[PDB]
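Given next, in structure tokens, is a single chain: the form solved without this ligand.
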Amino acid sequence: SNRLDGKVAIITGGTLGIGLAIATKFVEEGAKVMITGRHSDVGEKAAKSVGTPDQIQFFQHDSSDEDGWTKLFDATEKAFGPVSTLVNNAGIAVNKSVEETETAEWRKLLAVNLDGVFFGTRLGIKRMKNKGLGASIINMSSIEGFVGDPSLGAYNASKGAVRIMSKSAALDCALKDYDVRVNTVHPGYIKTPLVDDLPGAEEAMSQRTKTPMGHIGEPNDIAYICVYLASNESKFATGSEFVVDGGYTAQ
């Protein structure tokens, strides 16, 4: 407890699923949190479900919107003071092979999944460096940052990009003594209402040939590794990949 004392976090796609669990555990550990999402009705309800406005607020934002990133950092500083912590979690999927990926699908996925993490990481470095905040940028990749899936071509591209781009940012921040760390988190299959809405998905993901543990994870599994990475407990971790996948990538 109080593991995130004084931390001020932005979590993109923080209104649902993994992002909401990260926001929930962040507030529990003493962080101030701004969550983002596309819909104000969902986002304001999600903030209120976690805590009071002195603990957590909502900011409506598409991670692909470059100018909106400026407004997001400005809104978070006004509410909570200087931002110490960014979780780039907002993401979309396309269920296509490379072969069957339309160019519009490709561009839209990379706008959210790659441009979003680039915009957030670039602005985060500028706003958080040289302030003694113990600043941490946590870029959400996935098992699809390590291994191919034949039906997630564009997604694989975006997750491989986030994985290695994050190492560039980590090195630059370390060599320049910016007091900013950059790490990637790589979830395997995680049970969310969205997974619950695709009949057969959880059973398919739970097969031993997919997830050796024979079941999928829960949003809190990703929340706890993010608390570690946001905390000063991980002050010697930068440029690293943290996998929580029930053994998916070990076989």
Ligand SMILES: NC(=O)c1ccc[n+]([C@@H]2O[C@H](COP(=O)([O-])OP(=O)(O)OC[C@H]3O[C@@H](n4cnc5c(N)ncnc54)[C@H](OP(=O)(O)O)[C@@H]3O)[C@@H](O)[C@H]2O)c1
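Numbers for residues come from their place in the sequence shown, where the first is 1.
The PDB entry records a higher mean C-alpha B factor for 65 to 73 than for its counterpart among 65 to 73 and 179 to 187.
Averaged over CA atoms, B-factors in the entry run higher in 74 to 82 than in the other of 74 to 82 and 119 to 127. Looking at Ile92, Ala154, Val162, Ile143, the one whose CA carries the top B-factor in the deposited record is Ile92. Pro212: CA B factor lies in the lowest third for its chain, per the PDB record. Among the modelled residues of its chain, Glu102 has a C-alpha B-factor that falls in the highest third, as given in the PDB entry.
Sort the chain's modelled residues by C-alpha temperature factor and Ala111 lands in the highest third, per the entry. Split the chain's modelled residues into thirds by C-alpha temperature factor. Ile10 is in the middle one. When the CA B factors of the chain's modelled residues are split into thirds, the value for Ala230 lands in the lowest one.
What follows is about the form solved in complex with this ligand, which we do not show.
By the 4.5 Å heavy atom rule, the three marked residues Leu110, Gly145 and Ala157 all fail to count as contacting this ligand in the bound PDB entry. The shortest heavy atom separation between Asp197 and this ligand in the bound PDB entry is within 4.5 Å. The closest non-hydrogen atom of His61 lies within 4.5 Å of this ligand in the bound PDB entry. Looking at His215, you'd find every heavy atom of it more than 4.5 angstroms from this ligand in the bound PDB entry. Looking at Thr36, you'd find a heavy atom of it within 4.5 angstroms of this ligand in the bound PDB entry. When you look in the bound PDB entry, the only residue of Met128, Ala90, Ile138, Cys173 with a non-hydrogen atom within 4.5 Å of this ligand is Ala90. Contact annotation for 1 to 31: residues with any non-hydrogen atom within 4.5 angstroms of this ligand in the bound PDB entry are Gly13, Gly14, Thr15, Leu16, listed in sequence order.
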